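For reference, the chain that follows is the form deposited in one PDB entry, supplied as structure tokens.
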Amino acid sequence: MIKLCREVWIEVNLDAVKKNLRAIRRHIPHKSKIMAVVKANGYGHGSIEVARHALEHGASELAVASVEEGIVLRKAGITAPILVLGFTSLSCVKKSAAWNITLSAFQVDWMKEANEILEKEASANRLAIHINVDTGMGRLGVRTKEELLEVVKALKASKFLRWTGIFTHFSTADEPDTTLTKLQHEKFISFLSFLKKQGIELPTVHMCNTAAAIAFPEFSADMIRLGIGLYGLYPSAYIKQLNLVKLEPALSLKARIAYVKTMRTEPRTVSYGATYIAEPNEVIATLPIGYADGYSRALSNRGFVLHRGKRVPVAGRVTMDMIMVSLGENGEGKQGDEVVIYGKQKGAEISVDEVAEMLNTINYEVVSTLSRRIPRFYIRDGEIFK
């Protein structure tokens, strides 16, 4: 069924993804669109297959972190609009227009130089642009209404650029104190209305993320940007509280046992530093995953895996490519049994939220640091492919 030389892999359930998008579509207003966020290799899930599926079941645009992530999607066949969320260098203006990637921009001088570059060539490639307004994130974007007016005029004069959006970003919308989130919203609404008093007509307006759309659905306007909710995970434990939308997690991680032995002979030391010594009756099983795959070294002598429906512990330090687990005295286990690292087995579970809690971080980082050297398999309609 699954045949590998080194026996470790990931499974992505695409029937879960479709349900997560149903739930969201049926929460926000009917007049709002969905932009699916698939940067950082689909948050560790794989960007190509998730985008393809999301476009068939409710989304109409995509977002990525860089031009290079967008070009991978065009070569897979996708003709939908693609927006780049970070900052793009002027030396990629010609390539973005050629592949028809939408760029973010917020400076008067960037606009003119990008216009002159496409004018010194020709090509019916007009470059599409979204303007970023910084209302409190403090990362990228324009920050005063006088400055925004200068950028909008510099762009409306530029014959080879085309204005298709304006957005902002909320920095604390996953928290129970809503003070700063409403501040940001008032500031954005006033800037937009100042443009209206001057006779300027507005394109697509977007501002919400996963937490903003669950919590303040009346901020949806034209479009939202759905990210972490696409993959079946909640922005914060607090947003899980409200109990407004039901999501189902899409990823799990598995391996097969490589060797089993009893520690009868001496010495009975295990792994680097010899931080663990076994009984003469203890059974030790070896597994093919290590910290270079993204399984944190801080889980030395601390973590768990599921074998035959029960949790067994890591024994000794984590190494680059393998870990050892203890089956205890008596023992019971064979070369080739299936183990679950994240996910479910019978009626037991080790969830990604649990591991992130144990390591003092967030679920976002646990999934998106899973190495590309692990192969990905996709389930759709109960059957497996790649």
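For clarity, a rigid core is taken as the largest C-alpha set superposing within 1.5 Å between two forms. Sequential numbering from 1, following the sequence displayed.
Look at the C-alpha B-factors of 42-50 and of 331-339. On average they run higher in 331-339. Stretches 261-269 and 223-231 differ in mean CA B factor, with 261-269 having the higher one.
In the PDB entry, the Cα temperature factor peaks, among 278, 289, 250, 140, at 278. Per the PDB entry, 127 shows the highest C-alpha temperature factor of the residues 83, 127, 299, 73. Split the chain's modelled residues into thirds by C-alpha temperature factor. Residue 160 is in the highest one. Annotation for residue 8: C-alpha temperature factor in the lowest third relative to the rest of the modelled chain, per the entry. In this PDB entry, the Cα temperature factor of residue 31 sits in the top third of its chain's modelled residues, the highest group. Ranked by C-alpha B-factor against the other modelled residues of its chain, residue 120 falls in the highest third. In this PDB entry, residue 174 carries a Cα temperature factor that places it within the middle third of its chain's modelled residues.
A second form of this protein, the form deposited in another entry, is not displayed here; the remarks below concern that form.
The rigid-core alignment places the CA of residue 267 2 Å or more apart between the shown form and the other one.
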